[PDB]
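**Student:** Could you have a look at this structure, given as structure tokens, before my questions?
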Ligand SMILES: *[C@@H]1O[C@H](CO)[C@@H](O[C@@H]2O[C@H](CO)[C@@H](O[C@@H]3O[C@H](CO)[C@@H](O)[C@H](O)[C@@H]3O)[C@H](O)[C@H]2NC(C)=O)[C@H](O)[C@H]1NC(C)=O
Ligand SMILES: *[C@@H]1O[C@H](CO)[C@@H](O[C@@H]2O[C@H](CO)[C@@H](O[C@@H]3O[C@H](CO)[C@@H](O)[C@H](O)[C@@H]3O)[C@H](O)[C@H]2NC(C)=O)[C@H](O)[C@H]1NC(C)=O
Ligand SMILES: *[C@@H]1O[C@H](CO)[C@@H](O[C@@H]2O[C@H](CO)[C@@H](O[C@@H]3O[C@H](CO)[C@@H](O)[C@H](O)[C@@H]3O)[C@H](O)[C@H]2NC(C)=O)[C@H](O)[C@H]1NC(C)=O
Ligand SMILES: *[C@@H]1O[C@H](CO)[C@@H](O)[C@H](O)[C@H]1NC(C)=O
Ligand SMILES: *[C@@H]1O[C@H](CO)[C@@H](O)[C@H](O)[C@H]1NC(C)=O
Ligand SMILES: *[C@@H]1O[C@H](CO)[C@@H](O)[C@H](O)[C@H]1NC(C)=O
Ligand SMILES: *[C@@H]1O[C@H](CO)[C@@H](O)[C@H](O)[C@H]1NC(C)=O
Ligand SMILES: *[C@@H]1O[C@H](CO)[C@@H](O)[C@H](O)[C@H]1NC(C)=O
Ligand SMILES: *[C@@H]1O[C@H](CO)[C@@H](O)[C@H](O)[C@H]1NC(C)=O
Ligand SMILES: *[C@@H]1O[C@H](CO)[C@@H](O)[C@H](O)[C@H]1NC(C)=O
Ligand SMILES: *[C@@H]1O[C@H](CO)[C@@H](O)[C@H](O)[C@H]1NC(C)=O
Ligand SMILES: *[C@@H]1O[C@H](CO)[C@@H](O)[C@H](O)[C@H]1NC(C)=O
Ligand SMILES: *[C@@H]1O[C@H](CO)[C@@H](O)[C@H](O)[C@H]1NC(C)=O
Ligand SMILES: *[C@@H]1O[C@H](CO)[C@@H](O)[C@H](O)[C@H]1NC(C)=O
Ligand SMILES: *[C@@H]1O[C@H](CO)[C@@H](O)[C@H](O)[C@H]1NC(C)=O
Ligand SMILES: *[C@@H]1O[C@H](CO)[C@@H](O)[C@H](O)[C@H]1NC(C)=O
Ligand SMILES: *[C@@H]1O[C@H](CO)[C@@H](O)[C@H](O)[C@H]1NC(C)=O
Ligand SMILES: *[C@@H]1O[C@H](CO)[C@@H](O)[C@H](O)[C@H]1NC(C)=O
Ligand SMILES: *[C@@H]1O[C@H](CO)[C@@H](O)[C@H](O)[C@H]1NC(C)=O
Ligand SMILES: *[C@@H]1O[C@H](CO)[C@@H](O)[C@H](O)[C@H]1NC(C)=O
Ligand SMILES: *[C@@H]1O[C@H](CO)[C@@H](O)[C@H](O)[C@H]1NC(C)=O
Ligand SMILES: *[C@@H]1O[C@H](CO)[C@@H](O)[C@H](O)[C@H]1NC(C)=O
Ligand SMILES: *[C@@H]1O[C@H](CO)[C@@H](O)[C@H](O)[C@H]1NC(C)=O
Ligand SMILES: *[C@@H]1O[C@H](CO)[C@@H](O)[C@H](O)[C@H]1NC(C)=O
């Protein structure tokens, strides 16, 4: 998955590019899908980033493969399938961690 | 239907607790013959973007909670923190100070413009 | 709003916010299309800034140098006795060279930051 | 707590009253079935707002106005791509149908003949059909009630106009606040408020005077009106028990399909296989008498405990009890249901049938309801009443009432707009 | 000179010429009022901005033209089609105290019309203008068999209430404030506006009614002054008031023509029958031409004799609508003599209107009930040209004369420039 | 030890059904519709394709029908054609079978009642010397506007943003299963929306061998689509030099009638070289036997109007032909010309196709066949109808997927 992620921009850019109602539906949908993904990154504290670290530990429940093998002789398509039943879980955890982190920062900033 | 849970659950709670459920409200924005439905969808996007643009203008992009460098004026509200927080609900707060929101928003933009310039001048060697 | 259009850059650079907030606020299919188009144009510009390290900024400084083949002027020449309209004409070309460079710099910067974070 | 600073919060749980566009949603050939294209669960989840008091107002509820508009618009849309009966706007020659007819009906049905077009423009055919008296007028030549006003479109026999529950759902950024207060009169503060995405499911039943198949009060009879002392306003009465009513058209009818043009068909009443009997509806006596007494008790609560309450009849569409049973239109008499004075086994209501139907008080449009074969019977639940009022200590109430049918179901809901940004003072400032 | 880096700025005041769709707004049964439902006065001066404005290459006019045609065609879609009226009319002369100048003007026509209920016919009659029918006492309607004629719904008003065109988000309208600007080229007094502030969509030929006035001088504009293939648009700095009347007390004869359809016929005329003329003050007209000529000479010479001539062989007349009726006024009494108390002009009336420049899709204008008067302002003229020179009286130009000062531009807020900062 | 890292721009996709739009390179209904003007190899991608579950096919079917109705809708309806028609036979210089093929008819059109005459093909008219125009009595017949062209032009289907089209490059892909040579495109190759039955005209050829595809090769209820690796040229002509007669209907409404034939009357026909056909059929059977068994000798049979005869739109005029003799120097197939067309499989509204003046000649490429099944040796017959198979033959290599560029993976880092 390393080589596959050397650049995350070529596939990130131009996702907003270019009776007749169906053409509007296609355009409206493209915008909505774009915004939904950006919305999710924002609430996880990853706005503006393609790669971000978080404070949610990785569970062996989700996967018990080591970093070797996961990140090398494998790709993203089967990876996504292997952990497809945990995405709701992970997203919920990311949301909770971000909310607590912002509160903690607000308090530290107020204290000094 | 997993997302629509706890939405406005904190509405009757005090501000002190409600401030910890911001994600829940935020995650339910957007989301959710056929001649009026596109207007409904377009509007949801437009309202969303207007709020995000405004946070961007104020230098709060990417945050649910952002601190500014603008002092609070006692003329907008002369209450102490212990009477606002851990006492009032957000609805009660919104029914008050509603006459000063434009004032606050305007001066927040001016503050950010000063900051954008100061950063450009101080990012330079000096 | 555009009152600063005839002012020189650096003066006309003040209160950029007035021109930003007014980009979103102030048979029937044509109006529906107009609303969609304004949204798409807004987002195309925001994505372009967003892919650079300029997300949420009005003034953004980055690591891409001038090679002095584009502007072909010094700073007194550029930031005085010159409007933004004139400047846009003076460097109407090279636009995408710069955009490509800004993206490459940002991708490299992000990768370097993630390794520095991890290796600590 | 001095030298406080502005902090901006996004995702703040507040709202303001607002009007917007609602979506049609449903559970899991029909006018609403092909409109609600969004699946949703019946009995959607509610989020209770534990300490929220909110102001509700059943009147000036835009949800009602939007529903009224949606029902009419869908009706017109489904009726649009159907056979026009302009070729039927001809002089008729009619006689009486008196072959095996009981009394109180002579003159109700007529045997009418006319010269109709065929597939070719140079050919004509002699055809005949039966018509109901209410739709046929003197110029023994007769005219239809149409032509004098407007054109008539035949309803497509292939599409059902039966109500199904439909749910109204908020667009993103909006929310529906539902009042759970067991007994409120349509206005004022509500102290038990929950948030939902969709309404409970309302059947768009169209009727007059008596409200059929609605939601019953869970406790007592609830009387609601915009202004109870203003005789110009209607009173909506919500019952806590249903009164069951048996409606029927006992005659076994046939349908005569006539080709009038190039794939253009007219569906005529053919003939009657059995004898001719009057359409009617049956209400149990004990149930009605007690139901009415419950209403009276609640009226005394507002009009005096020493007053006299009278029920009198109405002053066609708003005079009789209109409903659609089995797909056929009925105009039933209510006399005998409102025939009493209250101081300190069943009833039969005769019914008339029209085939030409105009709707929502519009004049410029008309629909021809094709006949249906066989015998019609349905059973409905009377869930509420629409009543009106006329120095005196004796007060007379009468049946009455367009939008009241929906206002009576949407009373628990309010639509609000979410306003996620706000500011407040704190001790946090930027470095 | 050294160590400079790229920075970007968002909210930069730049723009480019652009073509977009503008939307309509209005200030508070009218055809435009129904369409222009949006309610609506900001203007920002640009102190040091010079900009290029144009005409004839200006797309705002094209949008207005299209919107007007569209609105009219849409408006007539649900109205009664006078399909069953291509019948032979039995027409005799109306002789009821008809004056000498219109002896052959009106016809009394009877015919067999279809009734509702399909089976019967009715004998009805109506009055027609001599310009509405064709003799073959045997008459037929003009051009009913090249096109069906649609009756305008009598309830719809076409009063030219001011129309405001407003920019969509991301766009702005620039205005030229140069009081003497000769149509096109650079303008050094420029401001930005949100809306055009209200243009009355008045439709006419030869004379432009109820428009804008110049503030200081009569302005003569043309794409090519030197050619004879362009119209000259003349904007006056003072209006000329003109009265019009149709003094014939006709009534509306309502005929049911089908199952919910009505035709509105001209009924019997009450009283004597007279022309429907218009009145222009002599002094105002004589001075107005003198003002035009003094400015016109700037392109022709001060020793050049300038003559005004009559119409060349709808357009050879002054077409306008007033009170809902269509007028065709004779302007031969105007535009006379050479340069180096009132005049009354006769007008004709027509009921079958081929709007703009189309062959079919004709409209029937129902008669108005009673008698009308209208008072209008002549605000400009459209003139053409053939030693000495002549000028003669002569749809987009009606709007070019109102929108010459407006331009639409697209805002492009993202800019790039060098400075001394980086990270 | 490990933490969740969030990645945006992740190269992951899922099967999806969306709305695609039309594009082209430069009066024609597709030219006025396809206003949009107009590859990457994936090194280790093995994707599953299924041409019979491909919704791109349904999109074409729907778009084409809608485009046709949209174009024919705003044209004159031939209301006054449903009149008693009076007819006699054409006897003027007819080459022996067109005896009884052409009729000379007259009628009274909307005093009015104007008597007019025109010629009709036998297949257009039904008896009640008293006649009626076929099917005018069951549905409205409208006249196609003569200014509208239905000539097929290449159509490219393009993905909306967020979607991509995967293409199978496997030289022998048989319509289902995994493909190990997958590339991504934004737009498909151009497909000409040629409408025909039995023989598929002007498509793309197989690159190496004949490819025989079906949902189930042993199920005789399904059609077999055969893609050839070489084209067969077919030359179709309508030899008669006719003229057109303009008849006023009403207030600017005109009917276009077939006028009299100038010169001799000859039979419409199509022809194919014998050697080419023989070898072509030989290629098909060599490979067809791989699914049905060896020890077999070549044998075919003819068909069971649009299904039993070949149908195409020739030069803008609907043309039908007898394929018997292809399936049992050159072979000539007799042909018939017809007006009053019920498109696809509808039995509702019909279009009247006005005549084209002059002799019509068209030459096209046979690129594939639709065959059905009748030890028992070979028993195959031409099949056809539905017209979705006509697009399956071009779209079989394409699939639409949704891109979902966001996901997570464990990493060694932690946010500070
Ligand atoms: C109030 O709700 C009741 C049901 O709780 C409605 O009565 C039912 O209405 C349906 C729809 O017309 C009837 O279905 C029909 O059944 C016959 C066979 O008997 C079938 O051939 C038809 O195609 C159709 O499916 C149903 O039988 C009837 N129930 C009873 C007890 O008669 C009632 O119509 C609603 N009231 C109003 C005013 O809509
Ligand atoms: C130039 O502007 C003047 C007004 O400044 C226009 O004249 C006015 O036109 C309106 C609409 O035709 C007249 O209103 C009508 O009056 C009758 C009176 O019985 C009423 O029944 C109608 O419902 C309607 O209100 C108005 O009276 C008339 N004003 C004058 C002074 O006569 C004029 O038509 C415009 N010129 C052009 C060419 O558009
Ligand atoms: C298969 O492809 C071939 C080649 O593209 C198609 O042949 C072409 O068909 C069109 C339509 O009939 C011909 O256009 C016409 O040409 C005449 C020439 O006199 C002109 O007067 C007409 O106005 C029109 O432009 C075109 O010339 C012809 N091309 C060639 C090389 O002969 C064929 O129709 C396609 N087959 C099918 C079933 O679609
Ligand atoms: C998800 O749950 C289903 C339950 O039937 C199971 O079959 C599937 O293998 C699970 N997927 C993963 C990634 O664990
Ligand atoms: C409701 O008010 C009581 C007052 O004592 C408070 O304790 C409780 O926490 C409030 N409810 C919520 C949900 O905050
Ligand atoms: C316009 O230029 C003059 C030059 O003297 C300057 O004084 C003035 O401030 C400038 N105005 C603006 C808006 O920049
Ligand atoms: C309806 O309300 C009356 C009030 O007196 C009560 O006696 C009766 O039991 C209630 N019926 C139901 C079904 O709750
Ligand atoms: C209504 O019909 C039902 C059918 O089961 C019957 O049991 C009930 O008694 C009827 N009620 C009346 C008032 O006829
Ligand atoms: C039916 O209603 C009319 C009033 O519309 C009333 O006079 C008549 O008496 C009623 N029928 C019966 C049986 O009472
Ligand atoms: C109307 O029709 C009758 C015959 O029904 C005929 O005698 C009469 O002349 C016709 N009149 C006109 C004006 O066409
Ligand atoms: C059309 O009408 C005109 C009268 O306007 C008449 O002279 C002409 O003969 C008519 N032509 C046809 C084809 O009916
Ligand atoms: C009309 O304008 C062109 C330039 O667009 C110019 O060359 C030509 O000479 C002008 N016509 C006359 C008569 O001068
Ligand atoms: C024009 O002036 C004459 C003078 O006698 C007068 O009678 C007539 O009514 C006037 N017409 C108009 C339109 O003012
Ligand atoms: C036009 O009408 C006005 C009405 O006030 C009148 O004063 C004026 O004199 C008239 N003009 C002419 C030329 O008659
Ligand atoms: C205008 O008035 C002057 C007065 O001297 C006269 O010579 C000239 O011919 C008049 N022109 C017109 C057009 O009336
Ligand atoms: C206009 O008036 C002049 C006056 O001499 C006359 O010659 C001309 O014929 C009139 N116009 C028309 C169309 O009659
Ligand atoms: C036309 O030919 C058919 C046979 O093809 C025959 O039945 C019919 O009677 C002939 N009609 C005439 C008028 O000759
Ligand atoms: C036209 O109508 C007349 C009416 O007498 C009839 O005799 C004639 O045969 C009809 N002609 C045609 C071709 O239908
Ligand atoms: C297609 O797949 C075959 C599998 O054997 C391979 O040999 C060939 O090189 C591949 N071609 C392309 C273009 O990928
Ligand atoms: C394929 O067709 C044969 C025909 O007999 C049938 O038995 C078999 O089950 C079918 N298989 C599939 C996957 O449809
Ligand atoms: C084959 O078709 C051509 C038309 O391209 C024709 O000229 C030729 O005569 C036909 N072949 C035979 C044997 O008739
Ligand atoms: C079709 O026509 C071409 C010339 O255009 C000719 O070479 C070819 O042999 C013909 N094909 C047949 C089957 O006759
Ligand atoms: C197939 O060929 C046989 C040969 O006898 C023939 O009778 C039959 O009608 C043909 N079928 C078709 C549809 O051409
Ligand atoms: C195929 O048709 C031709 C037509 O001439 C005939 O000669 C040949 O014998 C037939 N072959 C078979 C196998 O039926």
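Chains as they are written, first to last, in the entry's author numbering: chain D, 530 to 547, 571 to 664; chain B, 516 to 547, 571 to 664; chain E, 522 to 547, 571 to 664; chain A, 31 to 58, 66 to 141, 150 to 184, 189 to 309, 312 to 366, 370 to 398, 412 to 457, 462 to 472, 475 to 504; chain C, 31 to 58, 66 to 77, 81 to 141, 150 to 184, 189 to 309, 312 to 367, 371 to 397, 412 to 457, 464 to 471, 475 to 503; chain F, 33 to 58, 66 to 77, 83 to 141, 150 to 162, 167 to 184, 189 to 309, 312 to 366, 370 to 393, 412 to 457, 463 to 504. Virtual Cβ for every residue (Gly too), placed ideally from N, Cα, C.
Classify residue 470 of chain A as helix, strand or coil using the three-state DSSP reduction.
**Tutor:** For this step, residue 470 of chain A is matched to residue 399 along the fourth chain. Reduced to three states, the DSSP call for residue 470 of chain A is strand.
**Student:** For residue 658 of chain D, return the contacting residues in chain A, with the cut-off set at a CB-CB distance below 8 angstroms.
**Tutor:** As a working note, residue 658 of chain D is residue 106 in the first chain. What residue 658 of chain D touches in chain A: 37, 499 and 501.
**Student:** Which chain F residues are close to residue 592 of chain E, counting only those with a beta carbon under 9 angstroms from its beta carbon?
**Tutor:** Looking up residue 592 of chain E in the third chain gives position 48. Chain F residues near residue 592 of chain E: none, gap ~15 angstroms exceeds 9 angstroms.
**Student:** Is the Cβ of residue 580 of chain D closer than 8 angstroms to any Cβ of chain F?
**Tutor:** Numbered from 1 along the first chain, position 28 holds the residue referred to as residue 580 of chain D. For residue 580 of chain D, the nearest beta carbon of chain F is not closer than 8 angstroms to its own beta carbon.
**Student:** Pairs of beta-carbons, one from the region 281 to 294 of chain F and one from the region 245 to 255 of chain F, closer than 8 angstroms: are there three or more?
**Tutor:** Contact between the region 281 to 294 of chain F and the region 245 to 255 of chain F is absent: fewer than 3 CB-CB pairs across the two stretches fall below 8 angstroms.
**Student:** Which whole-angstrom value describes the C-beta separation of residue 204 of chain A and residue 434 of chain A, a residue pair presumed to lie in contact below a C-beta threshold of 8 angstroms?
**Tutor:** Along the fourth chain, read from residue 1 onward, the residue named residue 204 of chain A stands at position 155. Along the fourth chain, read from residue 1 onward, the residue named residue 434 of chain A stands at position 367. Contact holds; Cβ gap of about 5 angstroms.
**Student:** Tell me whether residue 434 of chain C sits in a helix, a strand or coil according to DSSP, three-state version.
**Tutor:** Residue numbering aside, residue 434 of chain C sits at position 363 when the fifth chain is read from its first letter. DSSP places residue 434 of chain C in strand when its eight states are reduced to three.
**Student:** Less than 7 angstroms between C-beta atoms, sequence neighbours within five positions excluded: which residues of the same chain meet that for residue 370 of chain F?
**Tutor:** Within the sixth chain, residue 370 of chain F is the residue found at index 305, counting from 1. Excluding sequence neighbours, residue 370 of chain F sits near 385.
**Student:** So, helix, strand or coil for residue 625 of chain D, using DSSP?
**Tutor:** As a first step, residue 625 of chain D is located in the first chain; it is residue number 73 there, counting from the start. Reduced to three states, the DSSP call for residue 625 of chain D is coil.
**Student:** Using a Cβ-Cβ cutoff of less than 7 angstroms, which residues in the same chain neighbour residue 414 of chain F once the five nearest sequence positions on both sides are dropped?
**Tutor:** Counting from one through the sixth chain, the residue named residue 414 of chain F turns up at place 331. Correct list, in chain order: 333, 334, 336, 339 and 390.
**Student:** Tell me whether residue 345 of chain A, by its Cβ, gets closer than 7 angstroms to a heavy atom of ligand 7.
**Tutor:** By 1-based counting over the fourth chain, the position of residue 345 of chain A is 294. Within the cutoff, so yes.
**Student:** With distance defined between alpha-carbon atoms, name the residue in C:39, C:84 and C:139 nearest to residue 665 of chain E.
**Tutor:** Within the shown structure, residues of chain E are numbered from 522 to 664, placing residue 665 of chain E beyond reach of any answer.
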